């Protein structure tokens, strides 16, 4: 049960004409075992700014992407110490990831 290769990972999406913004990696319905025709296999949930700018693409998004987690890749400073929206988005992503991934990884002494 590992859809979108480890579901719940926060990465960075850098558009060609657009800048680089944070986005949580989420699967539409497990596209790792079941591959059906549509056009969107990956669902990136960016921070609240454009009113749910969820980006959906199937083997089409391969431009520029960065792996975020340790918040020490010389970016957290601008994604937390710059815009309150970035700091809140990241804090929330980690607050949930460590709340759902830990709850099913030994909740209450397993």
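All Cβ positions, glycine included, derive from the backbone under ideal geometry; neighbour counts span all protein chains shown. Rule-based calculations on the coordinates, nothing more; no lab input.
Among the residues making up the stretch 81-103, none is over 14 Å from residue 21 (Cβ atoms) and in contact with a strand residue (DSSP E or B) (Cβ under 6 Å, 6 or more places away or on another chain). Among the criteria (1) in contact with a helix residue (DSSP H, G or I) (Cβ under 7 Å, 6 or more places away or on another chain); (2) free of Cβ contacts under 8 Å to residues at least 24 places away in the same chain, the one residue 36 does not fulfil is (1). Residues in the stretch 76-94 that are farther than 30 Å from residue 39 by Cβ and over 13 Å from the mean Cα position of the chain (by Cα): 76, 77, 78, 80, 81, 82, 83, 84, 87, 88. Select from the stretch 1-33 the residues that are under 16 Å from residue 61 (Cα atoms) and touching a helix residue (DSSP H, G or I) at 6+ places or on another chain (Cβ under 6 Å) and list them in ascending order. Answer for the stretch 1-33, where residues must be under 16 Å from residue 61 (Cα atoms) and touching a helix residue (DSSP H, G or I) at 6+ places or on another chain (Cβ under 6 Å): 10, 22, 24.
What are the residues in the stretch 3-33 that are surrounded by 12 or more Cβ atoms within 10 Å (Cβ to Cβ), part of a loop (DSSP other than H, G, I, E, B) and in contact (Cβ under 8 Å) with a residue 40 or more places away in the chain, if any?
8, 15, listed by residue number.
Does residue 41 qualify as being over 14 Å from residue 20 (Cβ atoms) and loosely packed, with under 12 Cβ neighbours inside 10 Å? For residue 41, the condition - over 14 Å from residue 20 (Cβ atoms) and loosely packed, with under 12 Cβ neighbours inside 10 Å - is not met.
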